[PDB]
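Novice: build me a structure from this.
(chains A, B, C and D, ligands or ions: 1)
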Amino acid sequence: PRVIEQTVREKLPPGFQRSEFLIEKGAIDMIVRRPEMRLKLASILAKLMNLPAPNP
Amino acid sequence: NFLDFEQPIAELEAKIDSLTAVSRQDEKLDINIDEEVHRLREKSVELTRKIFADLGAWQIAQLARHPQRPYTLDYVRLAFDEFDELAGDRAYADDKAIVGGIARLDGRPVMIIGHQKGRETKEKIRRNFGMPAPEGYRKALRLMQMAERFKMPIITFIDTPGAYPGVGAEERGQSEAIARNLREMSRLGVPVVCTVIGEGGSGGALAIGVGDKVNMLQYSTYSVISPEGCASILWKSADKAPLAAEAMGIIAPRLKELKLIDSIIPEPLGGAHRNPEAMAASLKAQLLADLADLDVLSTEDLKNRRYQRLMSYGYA
Amino acid sequence: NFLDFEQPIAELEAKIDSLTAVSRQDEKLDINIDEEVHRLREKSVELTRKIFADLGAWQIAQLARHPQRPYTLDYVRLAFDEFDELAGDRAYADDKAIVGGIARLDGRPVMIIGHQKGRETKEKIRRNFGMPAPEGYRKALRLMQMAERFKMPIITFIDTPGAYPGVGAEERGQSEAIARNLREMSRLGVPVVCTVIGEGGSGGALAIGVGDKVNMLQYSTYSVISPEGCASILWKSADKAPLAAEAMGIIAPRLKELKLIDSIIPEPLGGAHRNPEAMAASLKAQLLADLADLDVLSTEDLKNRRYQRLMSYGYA
Amino acid sequence: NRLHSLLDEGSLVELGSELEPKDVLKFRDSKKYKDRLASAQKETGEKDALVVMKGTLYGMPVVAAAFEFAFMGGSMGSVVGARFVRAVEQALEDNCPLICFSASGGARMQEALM
Ligand SMILES: CC(=O)SCCNC(=O)CCNC(=O)[C@H](O)C(C)(C)COP(=O)(O)OP(=O)(O)OC[C@H]1O[C@@H](n2cnc3c(N)ncnc32)[C@H](O)[C@@H]1OP(=O)(O)O
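Specialist: Residues are numbered from 1 along each chain as shown, chains lettered A, B, ... in the order given. You can find the structure just below:
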């Protein structure tokens, strides 16, 4: 952000380059918090690999 | 919030709902609620049956856009499970008018893509009343490619008034994005099943609707142009829209008899808004039955069959 | 418009050019122009040889960004022919900082992609001083795919200060676009040859520079970060930029001896701006020689060799 | 710690652990690159930014990797890329998804173009 600040010599948009902002701008798929991360990754990998879902 | 022709049913429902509250409202009133509620419900059911015995293409359009009706999110919640929403077009933004994601159905993961309108006015504003910007179509292309990669079935929904005719949509290659969608979806190696929940059409909705199977609801319309637009163009008047709707044949039986779809999904009496759960059950059963037989086909033979059905399009 | 250390040559050229006009300037002066012009040219050549005998990494950087130097358009005009410019990214815009197109070379059509800076200040503003927005990189991806489709060779140029660090570039998936470029270009079935004309680097320029061959000019720099940025980061001061340039080894011999490139293309004495035609001839000969041997390889073996050379990257 | 949190205990298998920073450029910054290399190596207790561990997730084999940001901004060295390629090779020869968690301040300048 400092490089962009010195380049455009202006103010960055509020919440610049934040996951909330970058999922608005479509470059980010989903926002997942760390405690849920293990189960979410297991579920997504099981579905994509077409494997049976993990038992929780 | 009801339509014009729903006044006999509307009046009685302002009295049935109160009786539950009147059971303990005030003054120690716990009247013989049960029998009166049952009689009023019988009367309301008979009136609804009599009213919806008479149906019209305009009435069909009104029910298709009744401002209370299951959208894609409702059908996903009440017919699917384990839905993980994927967003982002990778290019410019994530337009809310298209909702896509990956979910499991009877142990088989599926890709669900469909438009979403919104219940409250604020949600309708936020979702642009279901009008997809081109970036949404690019997102749908990306999701379809991802589903194609990992041998995954694709089931999509079509509930949108029309592709958004905005400044930004035209500035950002609207036609280009729709064409790019329509080219790749004819090369997918997995079955594609689509439903016409709500009101859908206008050609733009076809970017997620070229597949082996097509199904329609009982009170849904699928037209090349909007009936109001068709009236304002051809009849030189907006108020002749019901006449244009009658002439076109946007109603479900007309589009069924034209051999353009597979079958009409029935609705609960009173339309889908009266019992959305029964509608969801019917939709789940129909989609499961449709997905059952299609999965037998191999990818090469599936693409060849799709191409032959693609050639089957048109009268000539 | 000359640099700081070019003052002895600059003064004499303000007198050589006039003598052509003085041949018929006024007052019936048609002096013995020929011998004086030849003597002044001899003196200027000797001074230029003495000045450029002593060379420095900063001087290397200054010559790499001398505000008179052949860009991609100049090399295309003076070394290629039948150039048809293709524009459009299909997505949002056609950023001017990248110029791409299809041209014929010795009867063999080629795909030419490279950055362009601009001579006048207005052109430099219009082209963003050669800083590519992500849509330009998407355009380059599309052109490379098109060249891959019709069994066409690809030759690209790298003359850019760095990927544009703007608000719009970051908003529109700069890193995503560069990654998408860098993934596909490792799957092309045709040879990829790149040159480091002008000043190029900053990593972003590598999105069109991962191929079987890499070549550099004699007075060109190819660094991971800009020398001024490297100074301002590591040395905590901008004015120590020449020290950072000396330490890094951005000069052509340093990057040649590190086994990162194939060969250094020599320049006409006085640098490329003095005789751009001879520089174009040298570049044409080098690219023709490089393209000659590479075309023998078959597409599968070519991709395998590229993958093995891809593994050859890095010290470990 | 991230690998431990994700991968199941009793299955952690580090891959490509023999690779270590083998500087070849001899960069001359304000400080010698060896100074920062040694400082980071002795502080983080790890050879490079990337850490590789083939594990198992809920009965499904999986490969994992993560960047230690404290290693000079988690910059990608040649060891990092080679270890990533090793994980990819393990996934290809032993069919399993690969996961990498990104944390890096940028490319390692002192390794230059490499
Ligand atoms: C061109 C390139 O790819 S490298 C250019 C540098 N990186 C960038 O321009 C992108 C981001 N720039 C940054 O400065 C940071 O990464 C930011 C914006 C994320 C800020 O994160 P910060 O919390 O400020 O981290 P910071 O930059 O201090 O990184 C911590 C350490 O890693 C070092 N570091 C980070 N990236 C690099 C790198 N590419 N090369 C060398 N050292 C690096 C820093 O020098 C710093 O060391 P120090 O604390 O001992 O002085």
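
Novice: from now on I want contacts and neighbour counts done on CA atoms only, so please keep to that.
Specialist: OK.

Novice: can you get me a residue count around the closest residue in space to residue B:138 that isn't next to it in sequence?
Specialist: Nearest-residue entry for residue B:138: residue B:89, 5.9 Å, with adjacent residues in sequence omitted and distances by C-alpha to C-alpha, 6 or more residues apart in numbering or on different chains. Neighbours of residue B:89 under the rule other C-alpha atoms under 10 Å in any protein chain shown: 27.

Novice: helix, strand, or coil at residue B:89?
Specialist: Here residue B:89 is coil, with the state taken from DSSP: H, G, I helix; E, B strand; the rest coil.

Novice: test my guess that it contacts residue B:142.
Specialist: Yes. Using C-alpha atoms under 8 Å, residue B:89 is in contact with residue B:142, at 7.3 Å.

Novice: contacts only, for residue D:8.
Specialist: When contacts are counted by C-alpha atoms under 8 Å, 6 or more residues apart in numbering or on different chains, residue D:8 is found next to D:55-58.

Novice: interface residues of chain D facing chain C?
Specialist: Residues of chain D that fall close to chain C, judged by C-alpha under 8 Å from any C-alpha of the partner chain: D:22, D:24, D:27-30, D:78-79, D:82, D:107, D:109, D:112-114.

Novice: state the pair within these that is farthest apart.
Specialist: Put simply, by C-alpha to C-alpha the two of these set farthest apart are D:30 and D:82, 29.0 Å from each other.

Novice: mind checking which of the two has more residues around it?
Specialist: Using other C-alpha under 10 Å, the more surrounded residue of residue D:30 and residue D:82 is residue D:82, with 17 against 11.

Novice: what residue in the stretch 201-316 of chain B comes nearest to chain C?
Specialist: residue B:207 (16.8 Å; C-alpha to the nearest C-alpha).

Novice: that residue belongs to a helix?
Specialist: Yes. Judged by three-state DSSP, residue B:207 forms part of a helix.

Novice: helices of the stretch 151-300 of chain B, residue ranges please.
Specialist: All helices of the stretch 151-300 of chain B, identified by DSSP state H, counting those that start in this stretch, fall at B:167-171, B:174-184, B:227-230, B:241-248, B:252-257, B:276-294, B:299-311.

Novice: and residue 38, what element?
Specialist: Answering for chain A, as no chain was given. Following DSSP states H and E, the helix or strand that holds residue A:38 is helix A:34-48.

Novice: let me rephrase: I mean chain B.
Specialist: Per DSSP H and E: helix B:33-53 holds residue B:38.

Novice: got the contact list for residue B:221?
Specialist: By C-alpha under 8 Å, 6+ apart, the contact set of residue B:221 is B:60-61, B:64, B:196, B:198-201, B:250-252.

Novice: apart from its chain neighbours, what residue comes closest to residue D:32?
Specialist: residue D:26 (7.9 Å).

Novice: thought that neighbour was touching residue D:37?
Specialist: No. The criterion here is C-alpha under 8 Å, and residue D:26 misses it with residue D:37 at 11.7 Å.

Novice: neighbours of the residue nearest to residue B:134 when sequence neighbours are not counted, just the number please.
Specialist: Excluding the flanking residues, the one nearest residue B:134 by C-alpha to C-alpha, 6+ apart is residue B:174, at 5.2 Å. When neighbours are counted by other C-alpha under 10 Å, residue B:174 registers 24.
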